[PDB]
Amino acid sequence: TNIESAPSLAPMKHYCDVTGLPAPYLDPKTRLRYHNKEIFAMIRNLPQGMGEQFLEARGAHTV
Amino acid sequence: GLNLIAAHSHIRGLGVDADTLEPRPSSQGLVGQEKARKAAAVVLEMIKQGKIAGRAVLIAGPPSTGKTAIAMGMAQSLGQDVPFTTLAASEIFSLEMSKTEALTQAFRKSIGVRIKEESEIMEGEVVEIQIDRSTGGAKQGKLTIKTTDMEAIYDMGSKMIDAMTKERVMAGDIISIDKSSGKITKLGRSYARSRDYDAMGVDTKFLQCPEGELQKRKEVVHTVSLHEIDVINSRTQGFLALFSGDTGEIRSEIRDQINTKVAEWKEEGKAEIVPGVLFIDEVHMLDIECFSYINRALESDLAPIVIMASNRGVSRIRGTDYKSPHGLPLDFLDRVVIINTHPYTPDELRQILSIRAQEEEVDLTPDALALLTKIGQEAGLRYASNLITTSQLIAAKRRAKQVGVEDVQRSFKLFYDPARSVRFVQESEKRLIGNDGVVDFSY
Ligand SMILES: Nc1ncnc2c1ncn2[C@@H]1O[C@H](COP(=O)(O)OP(=O)(O)O)[C@@H](O)[C@H]1O
C-alpha cells in the first residue's frame, strides 16, 4: 500500500562528487567528496553556485 | 657528531675501477696494496652476485699492512644492500652459549631475508580535533587534516580516538598515521601554530606543513636476518633477546623449520634471500673445535662468504700443541684462498700520512711530513700516524697554525716507538718485573 519502500543499514561507500571515482577525502568547507588534490583545486575554485549542484546531484544540500 | 675521528675513518671504499676491477694507485682513501685490493674487489663482485655460497678468504700479512683497512673498504663499498657482520674471534667465547652456537649465530646474522611491503600512510597538519569524551570516553570525534594541497575531515572510530588521546594530538601537530596499525607519530609542530604551543619551551623546533596528498601508499623494503627469525621464534618475546643477548642455545629443529619456510617464501616469490659477508678478524684466536665446525658450516647452502685476517706466522693452533701456518689447521686452510698484504714503500707511507693528516684537521709543513715519513719507515706506519695527533696538540700549545718539525720532534721525544720501548725494557730488566717474578726496588 505504498509501504513497499526499504531502507538500508550497511555502511555506504564514498565516491568523488565530481569524477565519481572513489573518494578518500571529504572537504570540510564545501562538503564535496573528492578523489585527489587536482579535484580539490577545482572544487575550491568552483563558481559559488556550482558547489550546491554537486551536492544536489546526490540529493544532498548544504542547508 | 657522535662518530669521532678513528683509525679507519678515511676509508671511503675499496678504491677500484668498477668497470675493470683495476685498482687506482690511490682513491677512496686506499693507497697501494693494489693486488690485494684487486683480489678483494673480485671477492666483492661475487658477494654482490650472490650465486656463490660459503667461500672463505684469508687476508694474510704483517701487522699494519692494511688488512683491516681492506676489510673496512669492502664494508664501505657494499653498504646497506648486503649484510656485513664483523666478528672478533675473541667474541665467541661466551659464557651464555657454546662457541659453536655463538659461531652459528654469526653465520645466521650474515644471510638477509628481503621482504617488500606496502601501507597507506596518512600525513598532515591537524587543523582540529573534536572529541566529546561523553563518565566513560571516546564516544565520537572528528579530525580535520590539511596538507599544502588538500584539506579533509574524518569521523574517527573509538579505538582511533584512544590513539589520538594517547598521543595528545593537538591542533597544529604534524602527524603521520599508519592506518592498518593505527599508530600516530607526531613528526613535529607546524610553524604557523607556534603561538598555541604555550607549554613548549623556546628550545622547540617547528616545521612547514606536509605537501601533496594526505594519503599515499609508502613501500618499505625490510631486510631481516635468519638469526633474527631464529631468535624471534625462540620464546614469547624472542626478539627482546636480540638486544639484551640472553639467547640460549637456539634449538636446531627451530632453525631447520625456518630454513624450509624461507625456501618456501623464495619459491612463492614473497621474499628474496640476500647472502652477506661474515668478517672474522684475527681468526687465529679460534681453536681447533671452531675450525672443525666452520669446515662444514661453509658447505651449507645458506652460508655467507667468510673473510678472515691473520697476523700470525707458523704458530701454535689454539686448543692443541702443534704449529701450522697462520695458526690455522691445514685441513681448514685447504678450504681457503689467501690474499697477501705487503709492507709499504716510503712514498706510500707519505701518502697514507697525508690522508690521515686530512682526516684529522692538521696542517703539516712539508718538512714535518718528510720527517713523519722518515719516522714511518723507522718506527712503523701506526706510530707516525699517532705522532700526527700529538704534534697538532703540541703546536696548539705553542699556538702555531701549522705543525712544524719542532712539534714532531717533541712528539718523537715524549712518546717512544715500539722498538725504543723494547730497548728501554732491555735496559731496565732489573727494575722491570721479569718472567721469573724477580725485581729489585733499590736505587
Ligand atoms: N693502503 C692503505 N691506505 C690507507 N690507509 C691504510 C692503508 N693500509 C693501512 N692503512 C691505515 O693504517 C692503519 C693500520 O693499518 P691496518 O689496516 O690496521 O693494518 P692491520 O689491520 O693489518 O694491522 C689503519 O688506520 C689503516 O686505516
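Residue numbers start from 1 in every chain, and the chains themselves are labelled A, B, ... in the order their sequence lines are given, proteins ahead of strands.
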Taking B/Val277 as the fixed residue, which of B/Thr85, B/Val306, B/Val57, B/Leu78 is the one that meets the side-chain contact (heavy atoms from CB on, under 4.5 Å) rule?
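Single pass found, and it is B/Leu78.
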
Steps toward side-chain hydrogen bond (donor to acceptor under 3.5 Å, both in side chains) verdict (B/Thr20, B/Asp17)
CA-CA 6 Å; B/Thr20 65; B/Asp17 176 11; 2.7 Å; yes

How close do B/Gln392 and B/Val362 get, heavy atom to heavy atom, and via which atoms?
CB-CG2, 3.9 Å

Looking at every heavy atom in both B/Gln28 and B/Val16, which two are closest together, and how far apart are they?
OE1-N, 4.3 Å

Is it the case that the side chains of B/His10 and B/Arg356 hold a donor-acceptor pair, with the cut-off being a distance below 3.5 Å and no angle test?
yes

Just checking, any donor-acceptor pair under 3.5 angstrom between side chains of B/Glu101 and B/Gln105?
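There is such a pair (donor and acceptor under 3.5 Å, judged by atom type) between the side chains of B/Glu101 and B/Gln105.
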
Under a 4.0 Å threshold between the charged nitrogen and the carboxylate oxygen, would B/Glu123 count as salt-bridged to B/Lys218?
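The answer is yes: the pair qualifies as a salt bridge.
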
If you measure from the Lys or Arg side-chain nitrogens to the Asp or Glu carboxylate oxygens, is any gap between B/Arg335 and B/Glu299 under 4.0 Å?
yes

Qualifying residue, where the test is side chain to side chain donor-acceptor pair (under 3.5 Å) with B/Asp230 and the options are B/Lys109, B/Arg108, B/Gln257, B/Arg251
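Answer to the side chain to side chain donor-acceptor pair (under 3.5 Å) test with B/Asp230 among B/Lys109, B/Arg108, B/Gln257, B/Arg251: B/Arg108.
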
Check the surroundings of atom CZ in B/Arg217: do more than 12 heavy atoms from other residues, nucleotides or ligands lie under 6.0 Å from it?
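Check passes, neighbour count above 12.
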
I'd like to know whether CD of B/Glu211 has more than 12 heavy-atom contacts from other residues, nucleotides or ligands below 6.0 angstrom.
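No, not enclosed.
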
Filter on ring-ring contact (aromatic ring centres under 6.0 Å, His included), then keep only pairs touching residues 38-63 of chain A, sequence neighbours left out; what's left?
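Counting only pairs at least two positions apart or across chains, the ring-ring contact (aromatic ring centres under 6.0 Å, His included) contacts touching residues 38-63 of chain A are A/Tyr34-A/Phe40.
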
